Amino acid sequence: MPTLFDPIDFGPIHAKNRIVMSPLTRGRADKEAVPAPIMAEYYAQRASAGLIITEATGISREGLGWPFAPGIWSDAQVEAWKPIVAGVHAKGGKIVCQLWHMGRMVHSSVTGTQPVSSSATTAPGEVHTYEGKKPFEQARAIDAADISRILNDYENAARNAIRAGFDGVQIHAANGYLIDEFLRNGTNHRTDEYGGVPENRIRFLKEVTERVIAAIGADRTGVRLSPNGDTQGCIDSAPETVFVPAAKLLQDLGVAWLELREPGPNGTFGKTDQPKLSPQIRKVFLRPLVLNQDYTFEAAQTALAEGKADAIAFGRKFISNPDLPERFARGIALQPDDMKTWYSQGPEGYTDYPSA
């Protein structure tokens, strides 16, 4: 019954439509992870999205490896995010901060410390640094003092997001970052209460989510999961046995909304033959369910008509179509995105894609 053009409530967040801007790392902050003024223009250009999910935003230096990505642990960062968020609100938009701990996906040259993870494992390929790509480093398996600290960092980051004026947060529990490295049995080789059976592998997600909810409210908390397909060396051998229970826990804790990134067999941002778990998750998580990856306008419209999702998040289309909702409403061709400038430092390929 819903179309992409119909409004939706994400908890108390009143979105004007169901065309979500997915989280996109762009690397237009400074080397100190403080947002830069150009980011205000980039997000204001995209304020017609029913909801913007920010680029992944580091909760701590330990968890933030991506060159020129922002953080939200410090008041300098909070003060720089304030005008960015204000410019979206002034255009009638809504925006949530995606809270990031990268886990084993960082390089020590950026963070100053060894990568941390569920287990002492190594991501495949090479990692981005300020001196170019380097081999990934084997992580260290976090202990109870580290868990306490990391929970504190999620708590503080969530508080700071609200302090900056964000409408809410999304916990980044996807794409082979720290939480995902606990969830999936390909990365989690722990012997303690955080390893082994699915309820143990969900425990870290549970504790992060509980601490964010206690800080800012369940109704202001969303989560992203990526249940299916290897992403950055992280895969589960039987994802339904951990991700359907994870989604149910989130439902029971009061989490306001859930986004699933789901590659398919012919996916163009990763691909996989692991089946998509959205149909099973839709039956256990009953609040707004946002799906993502490879959606066209007609596939998205059909998903909402068939009750498969309440909203769809678009990533690459929002890179090059700041006015994606208007282009869809008006049948205007979608401008191609320039992959060479996804992660570069310029305004080129960032704030210089025109609106219709």
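The first residue of the shown sequence is 1; numbering continues from there.
*Asks:* So which stretch wins on mean C-alpha B-factor, 81 to 89 or 95 to 103?
*Replies:* Averaging CA B-factors over each stretch, the winner is 81 to 89.
*Asks:* 323 to 331 versus 66 to 74: which one carries the higher mean Cα B factor per the record?
*Replies:* Per the PDB entry, the higher value belongs to 323 to 331.
*Asks:* Out of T268, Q170, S117, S226, which shows the largest CA B-factor listed in the entry?
*Replies:* Each of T268, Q170, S117, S226 was compared by C-alpha B-factor; the highest is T268.
*Asks:* Considering only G112, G176, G195, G222, which residue's Cα atom bears the greatest B-factor as recorded?
*Replies:* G195 has the highest C-alpha B-factor of those listed.
*Asks:* Thinking about Cα B factors across the chain, which third does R159 belong to?
*Replies:* It falls in the bottom third of the chain.
*Asks:* For the chain shown, is the CA B-factor of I19 in the lowest, middle or highest third of its modelled residues?
*Replies:* Its C-alpha B-factor, which the entry lists for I19, ranks in the middle third among residues of this chain.
*Asks:* Quick check on the deposited entry: does the C-alpha B-factor of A309 sit in the lowest, middle or highest third of its chain?
*Replies:* Highest third of the chain for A309's C-alpha B-factor.
*Asks:* What third of the chain, by the recorded C-alpha B-factor, contains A256?
*Replies:* Its C-alpha B-factor, which the entry lists for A256, ranks in the lowest third among residues of this chain.
*Asks:* Based on the entry's values, in what third of the chain does the Cα temperature factor of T272 lie: lowest, middle or highest?
*Replies:* Highest third, going by the recorded CA B-factors of the chain.
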